[PDB]
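In: please work out how this folds:
(7 chains, ligands or ions: 1)
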Amino acid sequence: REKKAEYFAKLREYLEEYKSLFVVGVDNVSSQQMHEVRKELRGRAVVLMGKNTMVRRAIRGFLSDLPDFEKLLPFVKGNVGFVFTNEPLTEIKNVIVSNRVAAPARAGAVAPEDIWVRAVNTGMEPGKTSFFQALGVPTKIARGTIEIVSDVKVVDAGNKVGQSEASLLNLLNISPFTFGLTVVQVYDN
Amino acid sequence: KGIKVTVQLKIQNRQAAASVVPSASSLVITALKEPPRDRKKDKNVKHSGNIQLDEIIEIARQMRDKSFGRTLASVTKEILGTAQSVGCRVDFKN
Amino acid sequence: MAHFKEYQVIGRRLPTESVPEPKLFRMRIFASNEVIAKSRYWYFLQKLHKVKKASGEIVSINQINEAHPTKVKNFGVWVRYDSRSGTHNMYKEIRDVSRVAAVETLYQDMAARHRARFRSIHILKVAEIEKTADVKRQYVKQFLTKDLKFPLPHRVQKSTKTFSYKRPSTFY
Amino acid sequence: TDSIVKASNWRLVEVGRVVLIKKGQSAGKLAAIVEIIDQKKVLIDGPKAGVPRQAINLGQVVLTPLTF
Amino acid sequence: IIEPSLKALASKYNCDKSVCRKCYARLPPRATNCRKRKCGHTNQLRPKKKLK
Amino acid sequence: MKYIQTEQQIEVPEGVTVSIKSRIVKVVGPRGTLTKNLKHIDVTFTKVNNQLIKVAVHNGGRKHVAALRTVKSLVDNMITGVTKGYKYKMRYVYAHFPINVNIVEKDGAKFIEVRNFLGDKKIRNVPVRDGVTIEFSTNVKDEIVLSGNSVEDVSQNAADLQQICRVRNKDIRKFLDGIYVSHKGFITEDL
RNA sequence: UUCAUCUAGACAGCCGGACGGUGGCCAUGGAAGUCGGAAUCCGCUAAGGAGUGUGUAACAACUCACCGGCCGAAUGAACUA
Ligand SMILES: [Zn+2]
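Out: Residues are numbered from 1 along each chain as shown, chains lettered A, B, ... in the order given. The structure is reproduced below:
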């Protein structure tokens, strides 16, 4: 073994006493927010993911924890694992219904949706003054403030963003990585 | 309270700063124990000592942006005496 | 240096009249005939024990043939030699008929590929491996499938005379 | 609308094939090539036309279109 | 002044490709040996120096 | 190490049609027929059933059995290329000077050229094979879109249009002006 | 040869991560994750360093060692002659 040095006492004591399961299925996930929203309310529930033998976990743990192992195999997809529970989802959609915070895909890699400009009150100043100061948007320093009056047509879908152009969208701290933490698999009591 | 390289997590509100210090760790022995953390800072190093220092383990991550999740008692053996070398007072020194 | 033979040679190290009846060593030797076989005995045994040929004799020379020279059997052979930078062991595997016929086509690539020769090779034990498909050099495991079909292309024909009239075809 | 390739038709050497010796002692009598031993040599035994069961090579026999 | 992504479109074909430290040819930026015979497919490859 | 026998899986779709004598290939697909020549590799092919093709170099060496995977990918490209073909994105660049690549037709031979490249006075010229037919990306500016049913004769007729533009006796990592090729594609939709 | 994997699913690839403190001490005009001296991180995990290479003078922006998902079985290193 190079990869499974400690896997027998990995989760064959974790789900040993747990019968009502909430699941997680994702690739659109962070780390910084992610494993520290693994630090959300822990103390009675544990968080983990499986790996390659989740294709075999249909026939690894066949020791009949609960006799409904048809509900176990065909979701070996994504960063998929186990966030256990006792009681149902009656208040679990009162916490993580719309949670997100991130940096975008790498240095200005792909991002699905579209933004739009609007005359609002921001009031910025020339900081690192080599980003966007002559590209057509008005950085007209209005005796202290900045109020945009233009309607630009740049933002598209499926982008591979260049040098300084990935800190114009990131000037507004925009992250397309939503993932309100879902529960997709039906398994209880 | 401190003169070290001050991290700022400061969302300002009507000129009033966020009056808790995110506290670059310049006041971890010089508070009520020996002066050599901030006092005597340009005479020699501050990696000196393994002496009986503290058992105030609760307050330790109450200052520096509490992010343990599971156990804060694993981090209380782990900055003062590990990230520094002035006071640890236990032989988990590895 | 022929098609090889295999022998047992029974050495004894001449009876001392302080303590007679010595200990009767026995080997297994590959040899082109019976009288290179005797001189391979006093060259392997002089690495083990305190003898020489003027200090011993040969009790008997019993030529062996195989009990089944008519089946096939995958072999695994340990040899050691010295190419000119140093002495080296190691191993080969031959898919061949009998124990004597394998060591030819064991020596007939170790002389061709690593360019050693017969005064340097020291065969350790010609092991007939136990069954099929539990062997480790995979280039004999070309030959371990069911329905082993292959055609050989390009059937060249011999020339009895020196003027064909035909522009020869090579259908097989 | 036709996806044809020509023949791919040779003779083949199969386990238990018939074959025709051409040189040596046997000299033009029908063997039966039973079992491959290597790429350049095989086993033959057709022992109703007076041949023993020895390992022969393939630079010495030619092949017939019969197969059983 | 060109587009910085079109600068990066140009960058794959000319700018960042490795070079043999013995026969000076352009080598593709991950490559163990070289590709030719007067260097003997050698195993020293400096990267291509930038404009700082 | 003298491999015994080797076959693989060349797929044939429903419309294209492959009939081969000795080892040359005839192919007719939905977008204009072709034929090519491969008489240097010593293989044999077998259609099994209407959609799949074998290759075989049995009693091959080791440099033989590298050249079967290469003709898993020398006859597929014409199978795709007779029902897709190749489509090209070749973005321009200007550092100080424009570029007007436009298809003049001298001698009725349809030769593509380029003026005004880095302030030059030579009129460049490129010989243009058949198969291809130059079009430009209209109103999404300064690219070239090269069609065709061939595979080598499109990206040698593209690769020898992005290497005329070499600037010489200067730096090449500042003088980034030239002609480069952005992304080749297939002319069919979603590609 | 000598090791480690190897249908508990491997490698090459591709989807997404890669940190909260801490901008750990010293040395610093300026050391932050990637100029440096000395040691030699917790939490959880799938796992992330008191950092494998870039980048601001110093912040930050990236690739990464390090990983969970699609294919899905054979793969990698150091030596030898
Ligand atoms: Zn070279």
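
In: how far away is the residue nearest the centre of chain A from residue B:67?
Out: The centre of chain A sits closest to residue A:29, judged by C-alpha atoms, centre = their mean, with a distance of 2.6 Å. With the distance defined as C-beta to C-beta, to the nearest Å, residue A:29 ends up 18 Å from residue B:67. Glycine gets a C-beta too; all of them are placed from N, C-alpha and C.

In: what about residue 47, neighbour count?
Out: I went with chain A, as the question did not name one. For residue A:47, the tally of surrounding residues (other C-beta atoms under 10 Å in any protein chain shown) stands at 18.

In: you looked at the wrong chain, it should be chain E
Out: 11.

In: so which residues of the chain form helices?
Out: No chain was given, so I picked chain A. A:57-60 (DSSP state H).

In: try chain F instead
Out: If DSSP H is used as the criterion, the helices of chain F fall at F:76-81.

In: thinking again about what came up before, these two touch, right, the residue nearest to the centre of chain A and residue A:179?
Out: Yes - counting by C-beta atoms under 8 Å, residue A:179 is a contact partner of residue A:29 at 5.6 Å.

In: common neighbours of those two, please.
Out: Residues touching both residue A:29 and residue A:179 (C-beta atoms under 8 Å, 6 or more residues apart in numbering or on different chains): none.

In: who are the contact partners of the residue lying closest to residue A:176 once chain neighbours are set aside?
Out: Nearest residue to residue A:176, sequence neighbours excluded (C-beta to C-beta, 6 or more residues apart in numbering or on different chains): residue A:111, at 4.4 Å. Residue A:111 sits next to A:104-105, A:157, A:159, A:169, A:176 when contact means C-beta under 8 Å, 6+ apart.

In: adding neighbour count as columns, could you present those residues in JSON lines?
Out: What follows is those, written out as JSON lines (neighbours: other C-beta atoms under 10 Å in any protein chain shown):
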{"residue": "A:104", "neighbour count": "19"}
{"residue": "A:105", "neighbour count": "17"}
{"residue": "A:157", "neighbour count": "9"}
{"residue": "A:159", "neighbour count": "19"}
{"residue": "A:169", "neighbour count": "19"}
{"residue": "A:176", "neighbour count": "14"}
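
In: between these, which is nearest chain E?
Out: Of all the contacts of residue A:111, the one sitting nearest chain E is residue A:159; the distance, using C-beta to the nearest C-beta, is 9.6 Å.

In: near chain F, which residues of chain C? Just list them.
Out: C:139, C:142, C:149-153 (C-beta under 8 Å from any C-beta of the partner chain).

In: domain assignment for chain C?
Out: C:3-69, C:70-146 (CATH domains of a matching chain).

In: quick one: is the longest one near chain D?
Out: Yes - judged by C-beta under 8 Å from any C-beta, domain C:70-146 comes into contact with chain D through C:70, C:72, C:95-97, C:101, C:143.

In: now, those that are in strands?
Out: C:95-96 (DSSP state E).

In: so which pair among the residues of domain C:70-146 next to chain D is furthest apart in space?
Out: C:70 and C:143 (17.9 Å; C-beta to C-beta).

In: which SS class is residue D:33?
Out: strand (DSSP: H, G, I helix; E, B strand; the rest coil).

In: name the element residue E:38 belongs to?
Out: Assigned by DSSP states H and E, residue E:38 falls within no helix or strand.

In: that one contacts residue E:22, correct?
Out: No - taking contacts as C-beta under 8 Å, residue E:38 lies outside contact range of residue E:22: 9.0 Å.

In: when those two are compared, which one has more neighbours?
Out: Using other C-beta under 10 Å, the more surrounded residue of residue E:38 and residue E:22 is residue E:22, with 14 against 9.

In: test my guess that that one contacts residue E:43.
Out: No - the pair residue E:22 / residue E:43 is not scored as a contact, 9.5 Å apart, by C-beta under 8 Å.

In: could you list the buried residues of stretch D:45-58?
Out: D:46, D:51, D:53, D:55-56, D:58 (16 or more other C-beta atoms under 10 Å in any protein chain shown).

In: restricted to strands, list those.
Out: In strands, judged by DSSP E, the following of those are found: D:55-56.

In: Throw the buried residues of stretch D:45-58 into CSV and include distance to residue A:83, thanks.
Out: Below are the buried residues of stretch D:45-58 laid out as CSV (distance: C-beta to C-beta, whole Å):
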residue, distance to residue A:83
D:46, 74
D:51, 76
D:53, 71
D:55, 67
D:56, 71
D:58, 67
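
In: closest to chain E out of the buried residues of stretch D:45-58?
Out: Using C-beta to the nearest C-beta, residue D:58 comes nearest to chain E of the buried residues of stretch D:45-58, at 38.3 Å.

In: correct me if wrong: the closest one contacts residue D:44.
Out: No - look at residue D:58 against residue D:44 with C-beta under 8 Å: they stay out of range, at 10.3 Å.

In: how about the helices of chain E, start to end?
Out: Ranges of helices within chain E are E:4-11, based on DSSP H.

In: just the closest residue of chain F to chain B, please.
Out: For chain F and chain B, the shortest gap (C-beta to the nearest C-beta) falls at residue F:173, measuring 38.2 Å.

In: residues touching the residue nearest to that residue when sequence neighbours are not counted, list them.
Out: In this structure, residue F:173 finds its nearest non-sequential neighbour in residue E:15, 4.8 Å apart by C-beta to C-beta, 6+ apart. Listed by C-beta under 8 Å, 6+ apart, the contact partners of residue E:15 are E:48, E:50, F:172-173, F:176.

In: the ion: which of those is nearest?
Out: In terms of C-beta to the ion, no member of the contacts of residue E:15 lies closer to the ion than residue E:48, at 14.5 Å.

In: residue ranges of the strands in chain D, please?
Out: Ranges of strands in chain D, per DSSP E, are D:17-21, D:30-36, D:41-44, D:54-57, D:61-67.

In: got the contact list for the second one?
Out: Judged by C-beta under 8 Å, 6+ apart, the contacts made with strand D:30-36 from elsewhere in the structure are C:72, C:143, C:148, D:13, D:15-21, D:42-46, D:49, D:51, D:56, D:61, D:64.

In: list buried residues within those.
Out: Looking at the contacts of strand D:30-36 with 16+ other C-beta under 10 Å, the buried ones turn out to be C:72, C:143, D:13, D:17-21, D:42-44, D:46, D:51, D:56, D:61.

In: and residue 49, what is it in contact with?
Out: I'll assume chain A. Contacts for residue A:49 (C-beta under 8 Å, 6+ apart) come out as A:24, A:79-82.

In: I was thinking of chain D, sorry if that wasn't clear
Out: Shown here is residue D:49, whose contacts under the criterion C-beta under 8 Å, 6+ apart are D:29-31.

In: what about it, distance to residue C:69?
Out: 22 Å.

In: and residue B:39, how many residues sit next to it?
Out: Using other C-beta under 10 Å, residue B:39 has 10 neighbouring residues.

In: coming back round to it: which of the contacts of residue E:15 are buried, as a ChimeraX select command?
Out: Remark: buried members of the contacts of residue E:15, expressed as a ChimeraX selection using 16+ other C-beta under 10 Å:
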select /F:176
